[PDB]
Amino acid sequence: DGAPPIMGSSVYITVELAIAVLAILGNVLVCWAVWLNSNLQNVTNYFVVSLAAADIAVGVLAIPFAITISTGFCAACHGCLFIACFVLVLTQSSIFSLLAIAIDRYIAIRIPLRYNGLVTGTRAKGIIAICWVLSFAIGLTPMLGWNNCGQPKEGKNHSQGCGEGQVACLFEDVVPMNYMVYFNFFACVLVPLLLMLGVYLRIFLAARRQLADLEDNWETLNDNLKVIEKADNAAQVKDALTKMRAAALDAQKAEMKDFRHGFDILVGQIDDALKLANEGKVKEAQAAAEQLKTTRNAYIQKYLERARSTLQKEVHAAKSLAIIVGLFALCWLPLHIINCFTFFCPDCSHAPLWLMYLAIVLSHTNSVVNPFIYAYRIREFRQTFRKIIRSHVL
Ligand SMILES: CC(C)CCC[C@@H](C)[C@H]1CC[C@H]2[C@@H]3CC=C4C[C@@H](O)CC[C@]4(C)[C@H]3CC[C@]12C
Ligand SMILES: CC(C)CCC[C@@H](C)[C@H]1CC[C@H]2[C@@H]3CC=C4C[C@@H](O)CC[C@]4(C)[C@H]3CC[C@]12C
Ligand SMILES: CC(C)CCC[C@@H](C)[C@H]1CC[C@H]2[C@@H]3CC=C4C[C@@H](O)CC[C@]4(C)[C@H]3CC[C@]12C
Ligand SMILES: Nc1nc(NCCc2ccc(O)cc2)nc2nc(-c3ccco3)nn12
Ligand code: NA
């Protein structure tokens, strides 16, 4: 018999509405930017748009649902369940989109030549539709019978004065905690998050290995070259030539590219120097191999810098997207962890109400943050945001 509940409720409702406004506005901007700019119309950003659509729905539907269910109003139990569980559909859809983005970037760095033929917009669209259907089936599974509708709180249902077939609509009274912990958290949230962690680990390892190979081929080119100018035997020169030749066509594997001309001059100049070396013409081999360094300084170095900056851009982009996964875990793990304490420690007092609603608010603010990550970390998004804001506002 303490403070009137409407005072704490007013703070919670006001905060939730403030979050809904920001989740809608920022994510509308993301969709608008992708619609407007053809540089943003790729497969990766179709999952970004699906993720933005889920976050718009958090503000338009899930947050009004959250406000409604906090009152504990009388409702038919299956109507209560849909109000209580709809946010899990949107959260599961976010998981699928984040997982698809990770696999997309993994395919792009592991087999870039085959990427465009394997990962197409038509297949992406079908993957998205399937993930939304599965998200409804996973998120609304309690409506299929795994619920507490058969064991109502009669004390609460008579206090509130509910009618026949009605319950006081409270989350922890209608949704069983073993579904929430075992099915939703462990299987549907925690396992995909660990998979995303593993995929991103593989992305960074593949990039580090591909940059290391590039550097080893480059040093192999210049080491064997320095050995050429120092040798005094015909076969000693031919040995540094054959090892320079393998590294040559090795780096070649890493019609609108004038780069094959650079590698054909290089490999042809090596073979010329090889034929001299086999004929004992040492000094001719050493002089014919000395013109390699201008072919290197006019073609090979230009292509090994361009391949390096492309890999660095893929690493920077993959880090930007991994931040999105980290902030998702940050905002949703407290609620899951609180549920674990409620479920696994019956000797523990229940987490207090103010902490419950702080964790609910925290999970909702995740629907606000992604547009900020795009604006700060991805230039093409930031510049498109700027144009939209300047033009279609001021
Ligand atoms: C905006 C578009 C998607 C329509 C939104 C549908 C929402 C508002 C509708 C669809 C199903 C509806 C629920 C279905 C049944 C019940 C049980 C009843 O005892 C109280 C109302 C309640 C809880 C309804 C509340 C409103 C509801 C959730
Ligand atoms: C993911 C990051 C933010 C870590 C989150 C840590 C939070 C969720 C943890 C840290 C300390 C935890 C609390 C410590 C002890 C209790 C008392 C118990 O009777 C109910 C659970 C409760 C209230 C825990 C709830 C969850 C809790 C608040
Ligand atoms: C980063 C990933 C692994 C997060 C998962 C950590 C979870 C599963 C761990 C972290 C802290 C753990 C809790 C810490 C203490 C207790 C009290 C005990 O009487 C029941 C189990 C319970 C409630 C644990 C359940 C499992 C738990 C919630
Ligand atoms: N445990 C829980 N409770 C609520 N709302 C009810 C908070 C509450 C708890 C006890 C009480 O007596 C009155 C109200 N929403 C909740 N959402 C979630 C959730 C969604 C996704 C993961 O956890 N868990 N969750
Ligand atoms: Na989301």
Side-chain angles (χ1 to χ4, degrees), residues 5 8-9 12 16 19 23 26-27 30 47-48 50-98 135 138-140 142-143 149 153 155-156 162-163 165-177 179-181 183-186 188-190 324-325 327-343 349-371 373:
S9 293
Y12 167 69
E16 287 274 51
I19 292 168
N27 284 286
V30 169
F47 296 105
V48 169
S50 181
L51 183 56
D55 286 336
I56 290 166
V58 162
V60 171
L61 281 175
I63 281 173
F65 287 179
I67 296 165
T68 299
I69 202 177
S70 63
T71 69
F73 74 113
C74 294
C77 194
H78 287 70
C80 182
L81 272 174
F82 181 86
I83 290 295
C85 291
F86 181 70
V87 63
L88 310 169
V89 171
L90 303 178
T91 307
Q92 199 63 42
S93 179
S94 297
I95 285 289
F96 285 145
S97 288
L98 292 169
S135 297
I138 291 176
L140 302 177
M143 301 189 74
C149 292
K153 304 294 174 66
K156 294 190 198 176
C162 302
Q166 291 191 323
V167 299
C169 189
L170 294 163
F171 185 93
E172 291 198 4
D173 289 348
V174 298
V175 189
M177 206 59 62
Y179 164 89
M180 278 298 153
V181 173
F183 194 85
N184 190 265
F185 181 37
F186 284 166
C188 293
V189 175
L190 196 50
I324 303 267
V325 179
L327 286 177
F328 179 95
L330 215 176
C331 295
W332 279 103
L333 272 173
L335 209 37
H336 287 296
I337 289 169
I338 289 169
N339 288 340
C340 285
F341 275 93
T342 301
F343 182 68
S349 50
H350 198 289
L353 214 70
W354 66 263
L355 187 60
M356 295 305 305
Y357 282 99
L358 182 57
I360 293 166
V361 163
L362 180 65
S363 79
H364 292 169
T365 75
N366 178 250
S367 295
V368 179
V369 303
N370 292 346
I373 302 302

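Heavy atoms only: backbone and side chains are in, while hydrogens, waters and symmetry mates are out. Here, residue 1 is the first one in the sequence, and each next residue gets the next number. In listed order, ligands and their atoms are each counted from 1.
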OH of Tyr12 to OG of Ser70, rounded to nearest 0.5 Å, is 5.0 Å
Closest to atom 20 (C) of ligand 4 among protein heavy atoms sits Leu88 CD2, 3.8 Å
Between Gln92 and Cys188, the two heavy atoms sitting closest are NE2-O, 3.1 Å
What one should report as the nearest heavy-atom pair of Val174 and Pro176 is O-CD, 3.6 Å
Could you list each N/O atom of ligand 1 together with any protein N/O atom closer than 3.5 Å, one pair per line with the distance?
residue: ligand 1; atom: 19 (O); partner: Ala76; partner atom: N; Å: 3.0

If we number the atoms of ligand 4 from 1 as shown, the ones under 4.0 Å from a heavy atom of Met356 are 1 (N), 2 (C), 3 (N)
TODO: Just say parallel, tilted or perpendicular for the rings of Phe185 and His336, cut-offs at 30° and 60°.
DONE: parallel
Inset, instruction - Determine yes or no for a side-chain-to-main-chain donor-acceptor pair under 3.5 angstrom, with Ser97 supplying the side chain and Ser94 the backbone. - result: no
Between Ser367 and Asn27 the two heavy atoms that sit nearest each other are O-ND2, 2.9 Å
Closest non-hydrogen contact found for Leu330 with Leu362 is O-CD2, 4.0 Å
Nearest heavy atom to atom 9 (C) of ligand 4, choosing from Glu172, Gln92, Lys156, belongs to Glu172
- Under a 4.5 Å cut-off applied to non-hydrogen side-chain atoms, are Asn370 and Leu51 in contact? yes
Closest non-hydrogen atoms of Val368 and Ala23, given as atom of the first, atom of the second and distance, are CG2-N, 3.8 Å
The closest protein heavy-atom partner of atom 23 (O) of ligand 4 is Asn339 ND2, 3.2 Å
Under 4.0 Å from one or more heavy atoms of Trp332, ligand 4 contributes atoms 21 (C)
Closest heavy-atom approach to atom 13 (C) of ligand 4 among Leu353, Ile360, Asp173 is made by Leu353
Closest to atom 2 (C) of ligand 4 among protein heavy atoms sits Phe171 CD2, 3.4 Å
TODO: Determine, stepwise, if the pair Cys169 / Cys74 fulfils disulfide bond (SG atoms under 2.5 Å apart).
DONE: CA-CA 6 Å; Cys169 189; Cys74 294; over 6 Å; no
inquiry  = Any side-chain to backbone donor/acceptor pair from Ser93 onto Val89? Under 3.5 Å, distance only.
reply    = no
Worksheet item: Is there a side-chain contact between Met356 and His350, using heavy atoms and a 4.5 Å cut-off?
Response: yes
The option among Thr342, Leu335, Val181 carrying the non-hydrogen atom nearest to atom 19 (C) of ligand 4 is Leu335
With heavy atoms and a 4.0 Å threshold, my read on which part of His336 contacts ligand 4 is side chain
Listed as residue and atom, the protein N/O/S atoms under 3.0 Å from the Na ion (ligand 5) are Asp55 OD1, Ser94 OG
Beyond-backbone contact of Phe328 with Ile95, side-chain heavy atoms, under 4.5 angstrom:
yes
For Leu190 and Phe186, the nearest pair of non-hydrogen atoms, with its separation, is CB-O, 3.6 Å
